[PDB]
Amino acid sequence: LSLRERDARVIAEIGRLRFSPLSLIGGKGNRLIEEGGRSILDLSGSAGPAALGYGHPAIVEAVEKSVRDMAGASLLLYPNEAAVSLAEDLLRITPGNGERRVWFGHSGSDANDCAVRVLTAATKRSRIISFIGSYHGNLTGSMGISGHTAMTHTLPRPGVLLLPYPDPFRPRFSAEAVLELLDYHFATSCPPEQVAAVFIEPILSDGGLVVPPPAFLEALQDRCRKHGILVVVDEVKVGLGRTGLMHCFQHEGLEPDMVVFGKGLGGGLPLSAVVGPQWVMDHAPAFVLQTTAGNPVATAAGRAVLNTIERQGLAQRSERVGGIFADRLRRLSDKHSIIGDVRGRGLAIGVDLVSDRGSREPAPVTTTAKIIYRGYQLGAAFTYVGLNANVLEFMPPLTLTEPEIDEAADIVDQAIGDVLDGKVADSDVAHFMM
């Protein structure tokens, strides 16, 4: 009878990553409506897709116009005005030189699968450089190059070099030590001439919202590029204005050969894209096909996302409003010693929970999960990430308001204090742990 109980009976566990009992019947602005009518503040952005919140007029108009006058349902078969104009848009807002082209897909997973498939074929090189903790997708091709603990049920693609992502909060490995490790692999067991590409998250997402040390990723890029290794930046998570600039890679001085877009590009509709040089992206006809990719409904939604971000200056606003939210969370740390760090850029914010500030020992996952659950009871939706399952993740809609930040901060404040005073029971969160 309850939506949540119905879900339990028909939805497959393989597709669940559920942090709380929240079960939804609608949304409006930056709030989500639980079954029963309770209005929850969404600090999750549904993990990134909901860039403009829910029921946003620009996305609604674009999707209305397109589904009523539908310009086919397959870019592979038929050019349509929305998908071609979106590609034009993406080339216009993404700096780059030479001839470049755009491929469309449904998800970050399929866009990285495309990237891997076309890069290895255009180079006929089979080795790939990526990062421990990197999350590039959960389909066979994109999972295969990912380094995240969650996909260790399956072996990596052969010839993947996994490096530590240098972490300024837990600096086991300095930038310099990681580059030296790469250099040593290049001179030995991973000759750079047999490497197709390096894959870079400009902030390490599911690995724990780790902003790398300054200048490291520009130095990585330059080391790879000397050997004609193509430089791929995954902007799926932190892309499109969220970090204070249009592309997170613009913080890091990068000039990538290829950019992968997803999540928030769709504004809550499935939409991904790969932008690369024409010589790679025109490798062969009919090489990476999905029937409804580049369909006029999802692409029209993507055009509205980009248009709103530019016209309303949501990059600058994410810097300002994210600074406010970040600073509110830092102040909570004078109250709650479990807050060890507040990091990220703009409206991509992670809060690192520690059981001890000295050692920076991560707080146990049970505590982290209980804070989420308690936040849900108090009226906010969020999640956690990190290689130690201890980093609270805030990825709210870019439309988040200053009064909502106040509300968010008070909820987080209360949920931490409650959980630390033993408010939430083990059996309440057992359902949402693996």
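Note that residue numbering follows the sequence shown and begins at 1.
Visitor: Report the stretch with the higher mean CA temperature factor, choosing between 290 to 298 and 326 to 334 on the basis of the entry.
Guide: Between 290 to 298 and 326 to 334, it is 326 to 334.
Visitor: Tell me which stretch has the larger mean Cα B-factor in this entry, 351 to 359 or 247 to 255.
Guide: On average, C-alpha B-factors are higher across 351 to 359.
Visitor: Given 409, 392, 398, 67, identify the residue with the highest C-alpha B factor in the PDB entry.
Guide: It is 409.
Visitor: What third of the chain, by the recorded C-alpha B-factor, contains residue 224?
Guide: Answer is highest: the recorded C-alpha B-factor places it there.
Visitor: Consider only the C-alpha atoms of the modelled residues in this chain, order them by B-factor as the entry records it, and name the third containing residue 260: lowest, middle or highest.
Guide: Ranked within chain, residue 260 CA B lands in the lowest tercile.
Visitor: Would you please rank residue 15 by its C-alpha temperature factor against the other modelled residues of its chain and give the third it falls in: lowest, middle or highest?
Guide: Answer is lowest: the recorded C-alpha B-factor places it there.
Visitor: By the record's CA B-factor, is residue 310 among the lowest, middle or highest third of residues in the chain?
Guide: CA B-factor rank for residue 310: highest third.
Visitor: Per the entry's values, where does residue 152 land by CA temperature factor relative to the rest of its chain, in the lowest, middle or highest third?
Guide: For residue 152, the deposited C-alpha B-factor lands in the highest third.
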